[PDB]
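Everything below belongs to protein.txt, which stores compact mmCIF, C-alpha atoms (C1' of nucleotides).
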# COMPACT_ATOMS: atom_id res chain seq x y z
CA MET K 1 323.75 96.87 204.70
CA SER K 2 322.97 99.25 207.62
CA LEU K 3 319.91 101.51 207.81
CA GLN K 4 320.31 105.06 209.08
CA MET K 5 317.65 107.69 209.75
CA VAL K 6 318.21 111.17 208.32
CA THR K 7 317.00 114.61 209.46
CA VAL K 8 316.30 117.40 206.94
CA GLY K 9 316.56 121.19 206.83
CA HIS K 10 313.95 123.87 206.20
CA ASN K 11 313.24 122.89 202.57
CA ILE K 12 312.31 119.25 203.21
CA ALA K 13 309.04 119.96 201.36
CA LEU K 14 310.88 119.99 198.03
CA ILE K 15 311.42 116.23 198.21
CA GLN K 16 308.66 114.24 196.55
CA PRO K 17 308.20 110.77 195.04
CA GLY K 18 309.68 110.69 191.55
CA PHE K 19 312.74 112.75 192.49
CA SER K 20 316.23 111.98 191.14
CA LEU K 21 319.79 112.04 192.40
CA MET K 22 322.81 112.46 190.19
CA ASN K 23 326.44 111.94 191.15
CA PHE K 24 329.17 114.25 189.81
CA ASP K 25 332.70 113.61 191.07
CA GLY K 26 331.46 112.30 194.42
CA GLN K 27 329.16 115.30 194.94
CA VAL K 28 325.44 114.39 194.98
CA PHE K 29 322.73 116.55 193.42
CA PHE K 30 318.96 116.49 193.66
CA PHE K 31 316.50 117.20 190.91
CA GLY K 32 312.72 117.16 190.55
CA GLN K 33 311.57 119.35 193.40
CA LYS K 34 307.89 119.62 194.24
CA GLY K 35 306.31 122.75 192.77
CA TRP K 36 307.79 125.13 190.25
CA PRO K 37 311.19 126.60 191.24
CA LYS K 38 310.99 129.57 193.62
CA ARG K 39 313.11 132.72 193.92
CA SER K 40 315.25 130.99 196.58
CA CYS K 41 316.47 128.54 193.89
CA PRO K 42 315.50 129.37 190.30
CA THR K 43 317.11 126.33 188.68
CA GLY K 44 315.46 123.65 190.80
CA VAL K 45 318.76 121.74 191.14
CA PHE K 46 320.33 121.30 194.56
CA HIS K 47 323.55 120.17 196.19
CA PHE K 48 322.41 117.18 198.25
CA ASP K 49 324.70 117.09 201.30
CA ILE K 50 324.26 114.61 204.17
CA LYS K 51 326.62 115.56 207.00
CA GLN K 52 326.23 113.81 210.36
CA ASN K 53 323.02 112.16 209.13
CA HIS K 54 321.63 115.67 208.49
CA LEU K 55 320.45 116.50 204.97
CA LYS K 56 320.94 120.01 203.61
CA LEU K 57 319.76 121.09 200.19
CA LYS K 58 321.82 123.97 198.89
CA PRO K 59 320.91 125.94 195.73
CA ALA K 60 322.91 125.22 192.55
CA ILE K 61 323.29 127.62 189.63
CA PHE K 62 323.20 127.15 185.86
CA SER K 63 325.60 128.48 183.24
CA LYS K 64 324.79 131.29 180.84
CA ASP K 65 324.26 128.83 177.96
CA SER K 66 321.88 126.55 179.91
CA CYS K 67 318.24 125.59 179.56
CA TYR K 68 316.09 126.06 182.64
CA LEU K 69 314.44 122.64 182.50
CA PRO K 70 311.24 122.09 184.50
CA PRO K 71 311.27 119.81 187.54
CA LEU K 72 310.53 116.28 186.34
CA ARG K 73 309.00 113.30 188.13
CA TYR K 74 309.83 109.75 186.98
CA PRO K 75 312.05 110.63 184.01
CA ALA K 76 314.42 108.10 182.54
CA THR K 77 317.91 109.02 183.57
CA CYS K 78 321.33 107.59 182.95
CA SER K 79 325.01 108.48 183.26
CA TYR K 80 327.16 109.07 180.17
CA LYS K 81 330.98 108.91 179.97
CA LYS K 82 333.00 114.96 179.99
CA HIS K 83 330.84 113.01 182.46
CA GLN K 84 327.22 113.97 181.96
CA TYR K 85 323.67 112.95 182.80
CA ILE K 86 320.85 112.15 180.40
CA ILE K 87 317.29 113.16 181.36
CA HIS K 88 314.43 112.01 179.11
CA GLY K 89 310.70 112.33 179.71
CA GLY K 90 309.09 112.88 183.09
CA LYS K 91 306.08 114.71 184.52
CA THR K 92 306.05 118.45 184.98
CA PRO K 93 304.50 120.43 187.87
CA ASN K 94 301.61 121.04 185.46
CA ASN K 95 301.21 117.26 184.95
CA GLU K 96 302.33 117.42 181.31
CA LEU K 97 304.64 114.70 180.02
CA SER K 98 307.89 115.91 178.45
CA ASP K 99 309.28 114.23 175.34
CA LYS K 100 312.43 116.35 175.49
CA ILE K 101 315.96 115.32 176.44
CA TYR K 102 318.13 117.37 178.78
CA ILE K 103 321.87 116.89 179.30
CA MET K 104 323.52 117.89 182.58
CA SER K 105 327.24 118.52 183.02
CA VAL K 106 329.51 120.39 185.43
CA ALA K 107 330.38 123.65 183.73
CA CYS K 108 332.29 125.33 186.55
CA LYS K 109 333.09 124.42 190.15
CA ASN K 110 333.74 127.29 192.53
CA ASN K 111 334.30 126.37 196.17
CA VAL K 112 329.13 123.92 191.32
CA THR K 113 327.60 125.54 188.25
CA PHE K 114 325.88 123.21 185.77
CA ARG K 115 325.46 123.27 182.00
CA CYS K 116 321.96 122.11 181.09
CA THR K 117 321.47 121.81 177.35
CA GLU K 118 318.46 120.35 175.64
CA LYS K 119 318.99 118.05 172.70
CA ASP K 120 316.41 118.23 169.92
CA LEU K 121 315.22 114.86 168.61
CA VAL K 122 314.15 113.97 165.09
CA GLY K 123 313.03 110.84 163.29
CA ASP K 124 311.11 108.32 165.39
CA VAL K 125 310.86 110.43 168.51
CA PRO K 126 309.32 108.43 171.40
CA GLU K 127 306.00 109.75 172.67
CA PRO K 128 306.43 111.72 175.92
CA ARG K 129 306.46 109.24 178.80
CA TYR K 130 307.40 108.63 182.41
CA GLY K 131 308.43 105.53 184.32
CA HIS K 132 310.69 104.32 181.49
CA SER K 133 314.36 103.38 181.14
CA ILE K 134 317.26 104.87 179.19
CA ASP K 135 320.91 103.69 179.23
CA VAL K 136 324.05 103.94 177.09
CA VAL K 137 325.49 100.95 175.21
CA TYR K 138 328.91 100.73 173.59
CA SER K 139 329.54 98.62 170.50
CA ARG K 140 332.59 98.66 168.21
CA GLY K 141 333.92 101.88 169.71
CA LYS K 142 330.58 103.64 169.17
CA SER K 143 328.10 104.93 171.75
CA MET K 144 324.32 104.80 171.47
CA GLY K 145 321.38 105.36 173.82
CA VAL K 146 318.78 102.68 174.40
CA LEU K 147 315.31 103.72 175.56
CA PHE K 148 312.51 101.34 176.43
CA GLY K 149 309.09 101.19 178.08
CA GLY K 150 306.93 103.46 180.18
CA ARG K 151 303.40 104.84 180.16
CA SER K 152 301.67 107.92 178.79
CA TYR K 153 298.27 109.53 178.41
CA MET K 154 295.83 108.32 175.81
CA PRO K 155 296.42 109.52 172.25
CA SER K 156 294.75 112.81 171.31
CA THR K 157 292.06 111.01 169.29
CA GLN K 158 290.79 108.73 172.10
CA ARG K 159 291.63 110.97 175.08
CA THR K 160 288.54 112.33 176.82
CA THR K 161 288.25 114.87 179.64
CA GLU K 162 286.35 112.43 181.86
CA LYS K 163 289.46 110.17 181.67
CA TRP K 164 291.87 113.00 180.95
CA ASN K 165 294.56 111.62 183.24
CA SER K 166 294.14 107.95 182.33
CA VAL K 167 297.38 106.28 181.29
CA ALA K 168 298.39 103.23 179.31
CA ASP K 169 301.72 101.49 178.86
CA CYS K 170 303.70 102.61 175.85
CA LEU K 171 304.17 100.11 173.06
CA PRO K 172 307.26 98.03 173.96
CA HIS K 173 309.56 99.33 171.22
CA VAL K 174 313.30 99.72 171.70
CA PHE K 175 314.55 103.19 170.73
CA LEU K 176 318.14 103.86 169.66
CA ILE K 177 319.08 107.49 170.27
CA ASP K 178 322.18 109.29 169.00
CA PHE K 179 322.76 112.09 171.49
CA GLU K 180 325.29 113.97 169.37
CA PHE K 181 322.85 114.68 166.55
CA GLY K 182 319.59 113.76 168.20
CA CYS K 183 318.26 111.01 165.99
CA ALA K 184 315.99 108.12 166.94
CA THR K 185 315.28 104.68 165.46
CA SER K 186 312.51 102.39 166.71
CA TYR K 187 312.88 98.59 166.75
CA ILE K 188 309.92 96.24 167.20
CA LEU K 189 311.00 92.94 168.80
CA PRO K 190 308.90 89.74 168.84
CA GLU K 191 310.10 88.70 172.32
CA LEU K 192 308.72 91.90 173.92
CA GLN K 193 304.96 91.42 173.69
CA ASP K 194 303.62 93.55 176.54
CA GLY K 195 304.16 97.06 177.84
CA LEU K 196 306.29 97.66 180.88
CA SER K 197 306.98 100.57 183.27
CA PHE K 198 308.82 101.22 186.55
CA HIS K 199 311.29 98.45 185.73
CA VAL K 200 315.00 98.23 186.59
CA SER K 201 317.71 98.61 183.93
CA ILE K 202 321.35 97.46 183.92
CA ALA K 203 323.73 98.40 181.10
CA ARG K 204 327.07 96.70 180.49
CA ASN K 205 328.99 97.07 177.21
CA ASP K 206 326.68 96.23 174.30
CA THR K 207 323.94 94.82 176.53
CA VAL K 208 321.00 96.11 178.56
CA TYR K 209 319.19 93.83 180.99
CA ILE K 210 315.56 94.57 181.81
CA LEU K 211 314.32 93.42 185.21
CA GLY K 212 310.91 93.40 186.84
CA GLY K 213 308.53 96.24 186.07
CA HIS K 214 304.75 96.51 185.98
CA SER K 215 302.51 95.83 182.97
CA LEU K 216 299.35 97.88 183.17
CA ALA K 217 297.15 95.93 180.76
CA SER K 218 297.44 92.62 182.59
CA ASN K 219 298.21 94.38 185.91
CA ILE K 220 301.00 91.87 186.44
CA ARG K 221 304.48 92.51 187.71
CA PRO K 222 306.14 89.90 185.49
CA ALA K 223 308.99 87.78 186.81
CA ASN K 224 310.84 87.86 183.49
CA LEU K 225 314.31 89.11 182.65
CA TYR K 226 315.16 90.37 179.16
CA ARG K 227 318.63 90.69 177.63
CA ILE K 228 319.06 93.27 174.86
CA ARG K 229 322.15 93.19 172.64
CA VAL K 230 322.98 96.09 170.34
CA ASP K 231 325.60 95.96 167.57
CA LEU K 232 326.73 99.21 165.90
CA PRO K 233 328.27 98.57 162.55
CA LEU K 234 328.82 101.47 160.22
CA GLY K 235 325.29 101.02 158.86
CA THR K 236 322.00 100.66 160.69
CA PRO K 237 322.40 99.06 164.14
CA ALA K 238 321.04 95.64 164.93
CA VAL K 239 319.27 94.86 168.18
CA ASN K 240 318.39 91.37 169.40
CA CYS K 241 316.50 90.49 172.56
CA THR K 242 316.33 87.17 174.37
CA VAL K 243 314.20 86.01 177.29
CA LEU K 244 316.22 84.71 180.29
CA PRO K 245 314.89 82.51 183.10
CA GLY K 246 315.40 83.51 186.69
CA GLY K 247 313.77 86.92 186.47
CA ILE K 248 312.70 88.69 189.67
CA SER K 249 309.23 90.26 190.02
CA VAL K 250 309.54 93.86 191.27
CA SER K 251 308.38 97.36 190.25
CA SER K 252 309.88 100.68 191.40
CA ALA K 253 312.93 98.98 192.95
CA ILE K 254 316.13 100.96 193.47
CA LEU K 255 319.51 99.96 191.99
CA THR K 256 323.04 100.76 193.14
CA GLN K 257 326.58 99.74 192.18
CA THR K 258 328.86 98.14 194.79
CA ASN K 259 332.62 98.00 194.18
CA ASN K 260 332.93 97.21 190.43
CA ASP K 261 330.76 94.89 188.33
CA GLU K 262 328.43 93.99 191.23
CA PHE K 263 324.97 95.59 191.66
CA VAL K 264 322.45 95.41 194.51
CA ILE K 265 318.76 96.26 194.23
CA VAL K 266 316.69 97.26 197.26
CA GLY K 267 313.01 96.70 197.37
CA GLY K 268 310.09 98.24 195.58
CA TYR K 269 306.56 96.96 195.32
CA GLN K 270 305.98 93.25 194.77
CA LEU K 271 302.19 93.44 194.94
CA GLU K 272 299.69 96.25 195.17
CA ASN K 273 299.13 95.34 198.84
CA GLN K 274 302.64 93.90 199.52
CA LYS K 275 306.12 95.41 199.59
CA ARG K 276 309.38 93.77 198.51
CA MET K 277 311.27 93.64 201.78
CA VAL K 278 314.08 91.40 200.45
CA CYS K 279 317.09 92.58 198.44
CA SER K 280 318.76 91.06 195.39
CA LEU K 281 322.34 90.87 194.13
CA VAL K 282 323.16 90.88 190.42
CA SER K 283 326.57 89.77 189.18
CA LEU K 284 327.43 90.46 185.57
CA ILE K 285 323.99 87.49 184.55
CA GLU K 286 323.15 85.86 187.91
CA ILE K 287 320.70 86.93 190.66
CA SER K 288 321.09 85.81 194.30
CA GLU K 289 318.98 86.78 197.31
CA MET K 290 320.73 88.66 200.12
CA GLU K 291 320.07 88.92 203.83
CA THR K 292 317.32 91.42 204.37
CA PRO K 293 318.49 94.56 206.21
CA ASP K 294 317.39 95.57 209.71
CA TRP K 295 314.20 97.38 208.69
CA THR K 296 312.46 99.38 211.42
CA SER K 297 308.77 98.94 212.19
CA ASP K 298 307.81 102.26 210.56
CA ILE K 299 309.29 101.07 207.25
CA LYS K 300 307.64 97.66 207.67
CA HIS K 301 304.13 99.03 208.25
CA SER K 302 304.19 101.76 205.62
CA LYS K 303 302.16 101.16 202.45
CA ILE K 304 304.26 103.45 200.24
CA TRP K 305 308.02 103.90 200.02
CA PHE K 306 310.21 105.78 197.57
CA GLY K 307 313.86 106.47 197.00
CA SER K 308 316.80 107.04 194.72
CA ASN K 309 320.34 105.85 194.16
CA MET K 310 322.98 108.26 195.54
CA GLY K 311 325.87 106.83 193.56
CA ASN K 312 328.20 105.73 196.33
CA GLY K 313 326.61 102.28 196.67
CA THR K 314 324.11 103.94 199.05
CA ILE K 315 320.34 104.37 198.68
CA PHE K 316 318.35 107.38 199.94
CA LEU K 317 314.81 106.37 200.80
CA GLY K 318 311.74 108.03 202.25
CA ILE K 319 308.49 106.99 203.93
CA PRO K 320 305.28 108.96 204.61
CA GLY K 321 304.50 110.56 207.96
CA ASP K 322 301.89 109.69 210.58
CA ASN K 323 298.33 110.99 210.43
CA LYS K 324 298.67 113.22 213.52
CA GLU K 325 306.41 115.53 209.56
CA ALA K 326 305.28 114.89 205.99
CA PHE K 327 308.10 112.42 205.31
CA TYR K 328 310.70 110.45 207.24
CA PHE K 329 313.97 109.70 205.45
CA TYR K 330 316.63 107.01 205.81
CA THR K 331 319.92 106.08 204.11
CA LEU K 332 320.62 102.39 203.42
CA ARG K 333 324.27 101.60 202.74
CA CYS K 334 325.90 98.76 200.82
CA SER K 335 329.55 97.67 200.54
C1' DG V 1 236.74 119.38 147.90
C1' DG V 2 233.93 116.72 151.91
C1' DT V 3 234.66 115.43 156.78
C1' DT V 4 235.94 116.23 161.03
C1' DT V 5 237.01 119.38 165.01
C1' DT V 6 237.42 124.09 167.93
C1' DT V 7 235.19 128.66 169.49
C1' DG V 8 232.60 131.90 169.06
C1' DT V 9 227.35 134.80 168.96
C1' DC V 10 223.16 136.54 171.38
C1' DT V 11 220.50 137.25 176.51
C1' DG V 12 218.73 137.49 180.97
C1' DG V 13 218.27 135.21 185.72
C1' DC V 14 221.02 132.01 188.94
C1' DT V 15 225.11 131.15 192.45
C1' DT V 16 229.04 132.23 194.83
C1' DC V 17 232.40 135.26 197.07
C1' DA V 18 234.64 140.29 198.23
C1' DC V 19 233.75 144.72 200.10
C1' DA V 20 231.52 147.97 202.92
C1' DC V 21 233.00 150.05 208.68
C1' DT V 22 233.69 150.10 213.32
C1' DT V 23 236.80 149.08 217.93
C1' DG V 24 240.31 147.34 220.31
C1' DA V 25 242.37 143.38 221.88
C1' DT V 26 245.03 139.77 219.98
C1' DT V 27 248.22 137.98 216.41
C1' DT V 28 251.97 138.39 212.63
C1' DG V 29 255.82 140.61 210.24
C1' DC V 30 259.98 142.26 210.49
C1' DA V 31 264.36 144.42 212.03
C1' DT V 32 266.86 144.49 215.72
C1' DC V 33 269.48 143.24 219.83
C1' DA V 34 274.00 141.54 222.40
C1' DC V 35 277.33 138.41 221.74
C1' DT V 36 281.22 135.73 221.00
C1' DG V 37 284.01 131.89 217.78
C1' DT V 38 286.11 131.36 213.46
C1' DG V 39 288.06 132.39 208.97
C1' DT V 40 291.00 135.37 206.65
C1' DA V 41 294.64 138.13 205.22
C1' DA V 42 297.27 142.31 206.90
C1' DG V 43 301.41 142.46 208.85
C1' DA V 44 304.92 141.15 212.53
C1' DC V 45 308.73 137.98 212.42
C1' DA V 46 312.09 134.00 212.15
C1' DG V 47 315.93 132.60 208.91
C1' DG V 48 319.79 130.94 206.34
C1' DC V 49 322.68 131.94 201.92
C1' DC V 50 326.73 134.46 200.58
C1' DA V 51 329.73 138.23 200.92
For the structure just supplied, provide its representation as structure tokens.
Amino acid sequence: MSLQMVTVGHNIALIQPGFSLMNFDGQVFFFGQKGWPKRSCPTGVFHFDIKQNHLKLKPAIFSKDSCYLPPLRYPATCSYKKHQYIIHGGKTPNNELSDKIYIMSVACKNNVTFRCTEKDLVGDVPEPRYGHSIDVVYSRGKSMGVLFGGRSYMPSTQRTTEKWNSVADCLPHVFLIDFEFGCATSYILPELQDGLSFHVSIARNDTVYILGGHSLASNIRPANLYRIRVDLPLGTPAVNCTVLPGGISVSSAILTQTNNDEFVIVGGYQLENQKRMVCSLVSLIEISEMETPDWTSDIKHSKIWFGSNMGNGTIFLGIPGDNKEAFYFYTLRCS
DNA sequence: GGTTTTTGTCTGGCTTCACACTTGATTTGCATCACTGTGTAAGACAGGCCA
């Protein structure tokens, strides 16, 4: 795992904490710019090209049948196999939380244009949230989305302008979501007692593993690991969760896929005052510590760090500038 | 209804200021001076995407 500094072009200001990267056919794209989209790029979606350790953001266009979704911070995203991306939730430039679901696909590639379609949701729609997970599980030749966790504003009855921005963890209900028709079913599980946000999520076959996270009520970053199995018979699905020992304690960690069936997670925040400098390896479930990479002193002495998974087993991370550039960016590679 | 208060009424002879008038040398009131540094926005100017 080698660390590499990156320089950025004129629109470095667009990058902010909560951004996302999506990988389409080896090409990387960036979503969730700071501010509302400007005339220079009306969609807010960018080709994310790092050539010779230099990052260029190039405007991407949407198809005629697309939504123009707002930039979103901390939405739950996953990849769905045409190959497409699922966006649910997030914060808007106006600080509203979106409950909507957007679906991204490559509509046309000339020398890329995207199709962005919103899927309406009925039934037990999850309250709009950020900092939550969504993945796709496969059971008996059927595909279903699993959504869990996060935080949101207070409900309209208790919300008050003096604490207008105050947040609480969402109730820890598992949500099954059929993307074709847009339906949602909520499952209360006895093993999931507390709320959780900014956790890590790993989906394999009919299972989703939940790692780390932060629970607001206790203000604990629990060192538990949860396995979630989903069976899809012809009738109503069945979901069963089990607690597993050996769970790491980390919030806002980043996750990437090395080779096949091996995942590595690079640090997040282990305590409010402390940062998780170590890295973990998950084999599909067993967790082993890895040799910590050659962090520079700037990374070591920063209080805040943020990043995203690029797709190619490589992480794109960023650190805040000195008091006297706004951000300094690095790329950490694996495999 | 009785039983309690507020607020007047009628005089004058009192006490305590304000005004009266002047002159001209002080004292106050008031608007102005000359002057730059700093914020602001009107307007040069650098710039990179796509044809």
Name the residues in contact with residue 77 of chain K at a cut-off of 9 Å, using all atoms listed in the file, excluding same-chain residues fewer than 4 positions from it; report them as a count of residues only. 11
Using only C-alpha atoms (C1' of nucleotides), find the residues of chain V whose closest atom to chain K is at most 12 Å away, then write them as a PyMOL selection string. chain V and resi 46-50
Test item: residues at most 9 Å from residue 271 of chain K, only C-alpha atoms (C1' of nucleotides), excluding those fewer than 4 positions along its chain, as a ChimeraX atom specification: /K:220-221,250-251,275-276
Using C-alpha atoms, can you export the residues from the last selection as a PDB file, in the frame of the given file?
ATOM      1  CA  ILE K 220     301.000  91.870 186.440  1.00  0.00           C
ATOM      2  CA  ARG K 221     304.480  92.510 187.710  1.00  0.00           C
ATOM      3  CA  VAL K 250     309.540  93.860 191.270  1.00  0.00           C
ATOM      4  CA  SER K 251     308.380  97.360 190.250  1.00  0.00           C
ATOM      5  CA  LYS K 275     306.120  95.410 199.590  1.00  0.00           C
ATOM      6  CA  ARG K 276     309.380  93.770 198.510  1.00  0.00           C
TER       7      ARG K 276
END
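In this structure, atom CA of residue 99 of chain K sits 8.0 Å away from atom CA of residue 125 of chain K.
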Using all atoms of segment 268-279 of chain K that appear in the file, construct an axis-aligned enclosing box with 3 Å of padding on every side and provide its centre coordinates and edge lengths in Å, rounded to one decimal, as AutoDock Vina command-line options.
--center_x 308.1 --center_y 94.8 --center_z 198.3 --size_x 24.0 --size_y 12.8 --size_z 13.0
